[PDB]
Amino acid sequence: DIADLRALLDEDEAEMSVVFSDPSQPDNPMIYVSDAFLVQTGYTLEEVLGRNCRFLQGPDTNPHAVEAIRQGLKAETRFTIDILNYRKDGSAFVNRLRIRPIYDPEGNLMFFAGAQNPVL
């Protein structure tokens, strides 16, 4: 039996590229990605599960935006940032990335949810 992680998605997130990471595992890997995420980024499931989502960054991604996300994660707060991201074929898009922390009933950080939206 597999956890239905999507049961923890918000209504906005249902048609989207959305992912969950597990910060209690080494390197905060993605443990779930939606099919829209895989379609927009050009990857298969095998290529992305268990990896940190850093692989969407590329040669012209701003390193301060990357550090901003890292700090935002440490803060355990809701945040949104526009960051240049790339697909497997190397094509680039501005990603409006929204991240929020999700807690267990004890109030311990359990997952991060991330939603990607290409800015048009």
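Residue positions are given as counts along the sequence shown, with the first one as 1.
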Mean Cα B-factor comparison, 41-49 or 67-75, giving the higher one as deposited: 41-49
Take the C-alpha B-factors listed in the entry for 4-12 and for 111-119, compute each mean, and give the stretch with the larger one. 4-12
Record-listed C-alpha B factor of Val18: chain third: highest
Lowest, middle or highest third: which one holds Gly58 when the chain's residues are ordered by CA B-factor from the entry? lowest
